[PDB]
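Q: give me a 3D structure for the following:
(chains A, B, C, D, E, F, G and H)
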Amino acid sequence: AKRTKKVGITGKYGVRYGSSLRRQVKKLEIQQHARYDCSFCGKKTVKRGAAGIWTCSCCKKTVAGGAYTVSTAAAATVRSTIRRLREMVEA
Amino acid sequence: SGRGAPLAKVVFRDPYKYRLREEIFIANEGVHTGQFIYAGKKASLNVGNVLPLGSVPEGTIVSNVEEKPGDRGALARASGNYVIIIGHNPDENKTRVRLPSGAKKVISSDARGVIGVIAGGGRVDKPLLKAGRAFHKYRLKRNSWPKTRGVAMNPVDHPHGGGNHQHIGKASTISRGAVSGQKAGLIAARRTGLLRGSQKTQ
Amino acid sequence: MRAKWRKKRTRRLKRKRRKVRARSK
Amino acid sequence: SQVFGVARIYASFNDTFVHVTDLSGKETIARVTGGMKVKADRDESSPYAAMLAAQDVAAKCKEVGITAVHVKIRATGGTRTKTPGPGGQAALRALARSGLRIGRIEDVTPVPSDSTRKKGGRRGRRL
Amino acid sequence: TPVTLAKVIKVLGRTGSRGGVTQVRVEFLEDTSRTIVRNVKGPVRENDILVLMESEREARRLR
Amino acid sequence: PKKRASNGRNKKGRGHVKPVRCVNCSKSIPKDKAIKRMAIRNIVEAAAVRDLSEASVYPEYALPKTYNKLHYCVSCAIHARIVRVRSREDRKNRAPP
Amino acid sequence: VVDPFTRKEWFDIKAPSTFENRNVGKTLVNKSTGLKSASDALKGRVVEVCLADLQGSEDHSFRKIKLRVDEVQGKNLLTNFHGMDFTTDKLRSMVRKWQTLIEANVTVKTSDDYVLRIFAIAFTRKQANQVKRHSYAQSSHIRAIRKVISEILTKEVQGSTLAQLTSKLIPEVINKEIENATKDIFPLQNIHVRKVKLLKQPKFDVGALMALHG
RNA sequence: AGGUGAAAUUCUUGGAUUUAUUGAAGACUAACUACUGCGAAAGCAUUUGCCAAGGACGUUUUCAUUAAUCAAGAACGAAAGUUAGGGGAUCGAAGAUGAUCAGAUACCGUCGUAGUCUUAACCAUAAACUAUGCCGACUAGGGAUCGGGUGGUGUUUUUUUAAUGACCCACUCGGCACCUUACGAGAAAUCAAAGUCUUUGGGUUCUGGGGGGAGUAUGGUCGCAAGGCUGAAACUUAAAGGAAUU
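A: Numbering: from 1, shown residues only, chains lettered A, B, ... in the order given. See below for the structure:
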C-alpha cells in the first residue's frame, strides 16, 4: 500500500544523512534506475549498467549517456547544433 | 576503474598492414556499440567524428582535444565537460576556443577534436551521501583520502597545527612564492572569503 | 497606521511566538 | 572644395561637449567643454558656457585650416534622459556666430530597443 | 571685444520671481536684418537703444 | 469614490500591458496610465535658423528635425506641465487644446 | 609642449568609382615617423556621409554611405564601400501614428565571396477612398510582406558583387521594385532599403580594388 | 569628468569623460502601440521554422439532451521569497557611506551582495480590479473599431478587363469598449446594467450581518521556510463606515 509517503526509494537510507540531502537523491537515483526506453529497438530494454552506460536486453546496444540519465539537458542541445550546422556542410 | 565517463574501445583497421589495432576514444553523449567513427580533415561533421577545428565552424562542441595536432588528446576528458569553438582564422591555423574553466585559450586549427560532450553528465550534481561510496571511490584512484584538517595535526606534523584552542595562527593565504612545507592552503589567492558577484572574468 | 505594516509587525510577533513554543514544545 | 570635419556636440544636462573631428573620426582635432569656461559648476550644461565653449573650438579649427563643420548633435541617449540639453542650441548658434561653415546638419543619439532598465527605481527619483 | 548695439523694437511681458525683468526683442544697430531676444532691468519703451556686451545669447521664461 | 470610467486608463479587454519608463524620474508606469507627449520640434530654437541656413553650405539643405517620444508619470505631468487638473464634468474631455 | 598638428600630415578622401564626386574631404594623422608610419596606420577607419554630397544631387538628403579606407596611394585615400545606414532624422519621420511597420533583413554572398546584410524598411498606406483615421495590416499580410521583402533582395543580388549592387542602391531600384511585386498584396508607402552593412569581406584583392581606383 | 536646490562622495600627467574601428557577454525587443489583438486566469509585444491548440464566422454537415452552475477535490497562477546547477551586462532589498537636517538609521547621490534571467523544481500569494459570479432571454438607438461573411457589370489594380488584393456603400453575427438620454435602477456616486425587485420568485456557487479584538489564540491541515489554509473567545465601546453638500 502506502509504504513511504514522500520518501520512496530512500527507505534504504533510514533517518541519517539529513532530509534535504535525500530529496535531491530520489529525484536522480529514481531517474537512472527505471527500465529506460531504448530509442533504437523502441523496447525499454536499455537498462543503466555502470556509470554513463546503457545496455539493451536485445542486440545489446550499449548507449553513451549520463551518470544518472540517458541524456542530460545540454546533451540533446548537442543534437540540434550538429544537425543544424550539419546540413550547412552538405547544402 | 576510477573515472566517470565510459571508455570506447574502437578497434581500428591498419592501412599499412592488414591489421586491426584497437585505439581508444573517450565516450561522448550519444554514441553506442555500433556507431561509425570517422577521423580526419575530410570527415563529415557528426557525433564521435573527429577532425581539425579549422575543419569545423563556430559553436561546434567537442572534448578530449589536442593543443598541437598530435598529442592524442588532452583537454575536456572528464565526465561531461565540452568546449566551444569561437574566434577563427583559415590562415595561421588558429581557432580561439572556450574550455570548461572558461579559458579563452587560442589553439591551432589543425588540432584534433572528438565531436560531442563526454558521457558522465550531472555526476557531482548528485550527493555521495555516505562516507563509503567515497572510500570505494578513491579506492580505484589513489590514497589521497580521507584528508586530515591541518589545525588537527600538531605544530610538528604541519604548519596549521598546535595552539591551545585549534586556530591556524597566521593567514592560511600562503604566497604563490613559498616552498615545500611552507605552502599549505590558499596558494596565490587574488581574493579569498565567500565568493559572490562578477566572476568567470571581469 | 498603514495596514501593510500592521501585517508585518504581527508577522514577526507571530514567527516570534512559533520559536518560544518550540523551546517548550 | 571645403575641408570638412564633423563637430559631434553633446547637448545634455550637467555639461556640453564640442570636440570637432574629421569625417572618419579616427583622428580628432580640439574638444573643450562648457564647464571649462566657468568656475562655479551648475552652469556647466548652461548655454552661456556652451557658447563660450563653442567660441574656442571655433577659433581652434580656424587655426588648423578646416572650414566645413557637419554638426552631429547627440543626446545622452541609451537608458537615460534622451533629450538634447540646454547646450546643443546656444552652442550651434555660437558656431555660425563665429563664422564656421555648417553643413549636412544631422543628429546621431544612442537610440536602443528599451533594453535594460534605466536607473532610479519603481517609485523612482521622488522628492 | 566684439561690441554690438541693440534697438528696442518689441517689448513683451515680464519674467523673474518678482518680475522686475522684461523680455524685450531688439534688432542690432550695426547690421540688423536679424533680431535677438535679450532681457532688461528697469523701465523700457520700444524706442530705446541698449548695449549688449554679449553678441550671441537669448532668454525667455525665468523661474 | 470612483471618478474614472476608463479608470487609470485603457486596460479593458486585456490583463497586463507593459509599463514604460518615465522620461523624468525613470519611474515605471503602465503604457495606458502613461500620459503620452510627442516632441518633433526642429533642430534650432529662434531666429537661429537665420544665420544657420545663412552661414551654412547647401541652399538650406532641408532643415532636419528631432522625432522623440516623451512619457511622464502623472506626478511629473502634474508639475504645471500637461494638465492644470480638470473639472468633474469636463474631466472626460479628449482634445489637443 | 609638442603640439600634435606639428606632426599632423593632412590627406584627403577618394571614392571607389561607381559614385561621382570621389572628392569627399581631407583628413589628418601622425606623420610617417622612423618605425611605424601613417601609410600602415589607420585605413581601418570609415567615412559616414550623405550619398547626395558624394553623388551631386542634394535630393538624396538621406542614406549615408559608410566607407572603410584600404589603400593610401600618395595622400589620396582609395577607400571602398563598407555599408549604407539610414539617417535617424528621416527614418524618425517615416514612423507615423495610426500605421504599421514591416522591417526585413537577410545575409548573403555576392560572386567574389562578399557577405553583407541588406536591410529593407516598409510601411502601409491608405487609398484614394480611405475614410478611417488609421490603417493597419492583417499580421498575415505583414508575413507575406517580410516573405517577399527579404525574397526580393536574395533573388536578383550576386550581380557583379557589391560593384553593380552599390550601383543599384543609388537608383533606388529596390524601393520601387519592392512596392512593385508587393502591389498584389497591399498599397505600401515609403518602402526604403533602410540600412545595409559589410561583416565578412573576402581578401584585400587589390585587383578588383583598382578596377574602381583608376 | 559624475551628479544634484546646491555642493559632496567619486573618477582624473597612469591621458579619464569624451571620439573612433572593433570584441565578447547577459539582458531587452522600444519607435510601429491604439479608450486595440488573442489568453480561463497570471498574461502574452523581434525573425523564421516546427509542434499541436482555441475562438469567431460561414455551413440544406453530424450526434441527439449528450445540458447550466457548482461545497470536497484537480490543473495553470505575476512579482517576492526558495533548493540546486548555468549565467550573471543593467538595475539593485541589505550594506557602505556622501548631504541636506536639530537628528536622517529617510527621501537625493556613488558602489554594490541576494535577487535580477534561464534549467529542473518549489512556492499558490496581489487594489490577482471589471473592488461588479457563471448561464439565458428580454428592455436602445448611434457611430466607430475588430474577425469571418452577403451583395454592389462599385473605387483602385494595366502585362490584356486577365484573376484577386486593399478600399468605399448598405447588411451581418461574434469581439472591443465608447457616446447619447433614463423609460428603469441606485443612499448617492453612478449604471444598458448595478435595469425586467414590496407589481418583491428564470437555473444557480459562494460570501457577508455594528466596530475593534483578529485573519489573531488555538488546534488541525499544506509547505524546506516564509508562511498558506482552516479559524475562536474573553473583554471593551456608540459609534465605525459609505455617498454627497456646505
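Q: could you look up the SS state of the nearest residue to residue D:73 once chain neighbours are set aside?
A: In this structure, residue D:73 finds its nearest non-sequential neighbour in residue D:88, 4.4 Å apart by CB to CB, 6 or more residues apart in numbering or on different chains. Just so you know, the C-beta spots here come from the backbone N, C-alpha and C atoms, and that holds for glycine as well. Here residue D:88 is recorded as coil under DSSP: H, G, I helix; E, B strand; the rest coil.
Q: show me the strands in the chain, by range?
A: In the absence of a named chain, this looks at chain A. For chain A, applying DSSP state E gives strands covering A:47-48, A:53-55, A:63-64.
Q: oops, I was thinking of chain F
A: Using DSSP E, strands in chain F cover F:19-21, F:28-30, F:35-39, F:68-72.
Q: can I get these in JSON lines with distance to residue B:26?
A: Output for those, formatted as JSON lines (distance: least, CB to CB, whole Å):
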{"stretch": "strand F:19-21", "distance to residue B:26": "51"}
{"stretch": "strand F:28-30", "distance to residue B:26": "51"}
{"stretch": "strand F:35-39", "distance to residue B:26": "61"}
{"stretch": "strand F:68-72", "distance to residue B:26": "57"}
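Q: what about stretch E:17-31, start to end distance?
A: One end of stretch E:17-31 to the other measures 34 Å (CA to CA, to the nearest Å).
Q: name the residues of it that are buried.
A: By 16 or more other CB atoms under 10 Å in any protein chain shown, the buried positions in stretch E:17-31 come out as E:21-26, E:28.
Q: next, format the strands of chain F as CSV and append mean neighbour count and distance to residue B:87.
A: Below are those laid out as CSV (neighbours: other CB atoms under 10 Å in any protein chain shown; distance: least, CB to CB, whole Å):
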stretch, mean neighbour count, distance to residue B:87
strand F:19-21, 17, 36
strand F:28-30, 19, 39
strand F:35-39, 13, 44
strand F:68-72, 19, 39
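Q: got a markdown table for those strands, with distance to chain E too?
A: What follows is those, written out as a markdown table (distance: least, CB to the nearest CB, whole Å):
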| stretch | distance to chain E |
| --- | --- |
| strand F:19-21 | 26 |
| strand F:28-30 | 26 |
| strand F:35-39 | 17 |
| strand F:68-72 | 19 |
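Q: and of those strands, who's closest to residue G:27?
A: strand F:68-72 (32.6 Å; CB to CB).
Q: residues in contact with the closest one?
A: Here strand F:68-72 makes contact (CB atoms under 8 Å, 6 or more residues apart in numbering or on different chains) with D:75, D:82-83, F:20-24, F:29, F:34-40, F:81-82, G:92.
Q: run the chain-centre distance for it.
A: Its chain's C-alpha centre and that of strand F:68-72 lie 5 Å apart, by CA atoms, centre = their mean, to the nearest Å.
Q: parallel or antiparallel, list what pairs with it.
A: Take DSSP bridges as the rule and strand F:68-72 pairs in its sheet with strand F:35-39 (antiparallel).
Q: tell me if the strand it pairs with is near RNA strand H.
A: Yes - residues of strand F:35-39 are located near RNA strand H by CB under 7 Å from any atom of the strand, namely residue F:36.
Q: got the CA coordinates for that strand in CSV?
A: Coordinates of each C-alpha in strand F:35-39 appear next as CSV, following Å, rounded to 0.1, in the frame of the first residue of the first chain:
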residue,chain,number,x,y,z
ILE,F,35,0.5,60.4,-20.4
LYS,F,36,2.0,60.5,-24.0
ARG,F,37,3.5,63.6,-25.4
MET,F,38,5.2,63.9,-28.9
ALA,F,39,8.2,66.2,-29.3
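Q: what pairs with residue D:10 across the strands?
A: Residue D:10 forms beta bridges with residue D:74, as assigned by DSSP bridges.
Q: the residue minimising distance to the centre of chain F and residue F:71: what is the separation?
A: Nearest residue to the geometric centre of chain F (CA atoms, centre = their mean): residue F:37, 1.2 Å. Counting by CB to CB, to the nearest Å, the gap from residue F:37 to residue F:71 is 7 Å.
Q: what's the following helix or strand after the helix or strand harbouring residue B:114?
A: Taking DSSP states H and E as the definition, residue B:114 sits inside strand B:112-115. Following strand B:112-115 in sequence order, the next helix or strand is helix B:132-139 (DSSP H and E).
Q: bridging across strands, which residues link to residue B:80?
A: Residue B:80 has the following beta-bridge partners by DSSP bridges: residue B:118.
Q: all helices of chain A, in order?
A: A:19-33, A:73-86 (DSSP state H).
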